[PDB]
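Enquirer: no sequence for this one, just the structure:
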Ligand SMILES: CCn1cc2c3c(cc(C(=O)N[C@@H](Cc4ccccc4)C(O)(O)CNC4CCOCC4)cc31)N(C)S(=O)(=O)CC2
């Protein structure tokens, strides 16, 4: 009953239906493994179709404390409180959780996105104002019998969030696990990067400067500058049969082809090798251009198919965003401090190539790839 409980629009996040308050007020909430605050629109905004009305909830409790949360894109401020929360197409339970009632925001809500709030699924360590503000998933686990794990199958878009377990109908092949290095963001270690099978040949610490994370709330694969530049050079070289404006590689301009003629085969596969559970072992996840060239729907341009380059630069380390998670079944196994990856039932592939999760791989180099 939890399958296909996620919806969204390409590039604008995936959301799950939730209710807050008594009587229940239904809101669509973006699923975000890259933050740890549960927050909902709580005042009128041009891009909000609806919002949380605290005055109408008898179970609402004001904590008399403001909070401000900045993201890479957007920011908001609001009032902290607690109230009853349920998930209609998730586990049938009711929990009392912290909620930030957003009363002011800047470049956060997105014109026509269909969500009104955000569910930060990361750990308390990064919650605002501080780690004493217990995150929603922690409250869910403490107050119910739900196992300490969830999984995300991100595929107008759709997908599934399976709370408390693993749904085997959602993936094929093996689940490979990489350790969660530190419990704040979902931090992992990348040990190797290849572009069409060619190693970027970089000290692996560069891939994890200064942390690498799995972040469903960020669209792009975001890379440290040194890695971004090397990857772009390699993708340019592989695709050199066609030349694109510099602005494209900067995500500042679309590339378009006549409908149905997108030359997928001139763009390389990208393989990210993640640290395994055993010393000097790794596995790789392989990303097709259908993932990192993100479709931009626009009827005005619809004689063509157009795309944005969904790999970009970061000054805070690697962010494996939605375009990386798409077509993989990703298990956030908090109980065992590990992240699992498998090919999902909605995997990306054409008749020549396919997204993959494969291992084991071994390196003789004993260096630890963690930056700190
Ligand atoms: C979904 C809307 N959206 C589109 C883009 C893009 C983007 C970044 C973000 C972004 O900051 N995501 C927020 C959640 C959020 C979701 C919807 C609207 C606003 C915010 C987060 O919590 O997940 C960040 N997590 C941290 C990131 C840094 O490392 C620590 C964790 C969102 C983006 N980029 C900067 S991008 O992907 O490069 C360009 C496009």
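Expert: Looks like it arrived, so ask away. Residues are numbered from 1 along each chain as shown.
Enquirer: contacts for stretch 247-260?
Expert: Under the criterion Cβ atoms under 8 Å, 6 or more residues apart in numbering, residues 220, 232, 236, 244-245, 263, 293, 296, 301-310, 312 lie in contact with stretch 247-260. Bear in mind the C-beta positions are built from the backbone N, C-alpha and C, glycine included.
Enquirer: number of nearby residues for the closest residue to residue 53 other than its chain neighbours?
Expert: Nearest non-adjacent residue to residue 53, counting by Cβ to Cβ, 6 or more residues apart in numbering: residue 25, 6.6 Å away. Residue 25: 19 surrounding residues under other Cβ atoms under 10 Å.
Enquirer: tell me the secondary structure at the residue lying closest to residue 255 once chain neighbours are set aside.
Expert: Excluding the flanking residues, the one nearest residue 255 by Cβ to Cβ, 6+ apart is residue 248, at 5.2 Å. Using DSSP: H, G, I helix; E, B strand; the rest coil as the criterion, the local structure at residue 248 reads helix.
Enquirer: coming back round to it: for the residue nearest to residue 53, which residues are in contact?
Expert: 19, 50, 52, 53, 56, 57.
Enquirer: ok and the residue in this protein nearest the ligand?
Expert: Nearest to the ligand, among the residues of the chain, is residue 217, at 2.4 Å (Cβ to the nearest ligand atom).
Enquirer: for the closest residue to residue 148 other than its chain neighbours, which three-state class applies?
Expert: Of all residues not flanking residue 148 in the chain, residue 335 sits nearest, at 4.1 Å (Cβ to Cβ, 6+ apart). Applying three-state DSSP to residue 335 yields a three-state assignment of coil.
Enquirer: ok, residue 335 - how many residues close by?
Expert: Neighbourhood size, residue 335 [other Cβ under 10 Å]: 10.
Enquirer: and for residue 129?
Expert: Close neighbours of residue 129, defined as other Cβ under 10 Å, add up to 13.
Enquirer: mind listing what's buried in stretch 230-250?
Expert: Neighbour counts using 16 or more other Cβ atoms under 10 Å place 230, 231, 232, 234, 235, 238, 239, 248, 249 of stretch 230-250 among the buried residues.
Enquirer: equivalent analysis for stretch 340-354, please.
Expert: By neighbour count on 16+ other Cβ under 10 Å, the buried set for stretch 340-354 is 340, 341, 342, 343, 344, 345, 346, 347, 348, 353.
Enquirer: what about it, start to end distance?
Expert: Terminal residues of stretch 340-354 lie 19 Å apart, using Cα to Cα, to the nearest Å.
Enquirer: could you list which of the contacts of stretch 247-260 also contact the ligand?
Expert: For the ligand, the contacts drawn from the contacts of stretch 247-260 by Cβ under 6 Å from any ligand atom are 220, 312.
Enquirer: which residues touch the residue nearest to residue 129 when sequence neighbours are not counted?
Expert: Once flanking residues are discounted, residue 129 sits nearest to residue 67: 5.5 Å by Cβ to Cβ, 6+ apart. With contacts defined as Cβ under 8 Å, 6+ apart, the neighbours of residue 67 are 37, 77, 78, 79, 80, 100, 128, 129, 133.
Enquirer: in strands, which of the residues you listed appear?
Expert: 77, 78, 79, 80, 100 (DSSP state E).
Enquirer: what bridges to the residue nearest to the third one when sequence neighbours are not counted?
Expert: Sequence neighbours aside, residue 101 is the residue nearest to residue 79 in space, at 4.8 Å (criterion: Cβ to Cβ, 6+ apart). In this structure, residue 101 bridges to residue 40, residue 79 when assessed by DSSP bridges.
Enquirer: how about the one 4 residues further on?
Expert: Partner residues in beta bridges with residue 105: residue 76, with DSSP bridges as the criterion.
Enquirer: surely it meets residue 75?
Expert: Yes: if you go by Cβ atoms under 8 Å, residue 105 and residue 75 touch, sitting 6.9 Å apart.
Enquirer: of the two, which one has the most company?
Expert: Set residue 105 next to residue 75 and count neighbours by other Cβ under 10 Å: residue 105 wins out with 19 against 14.
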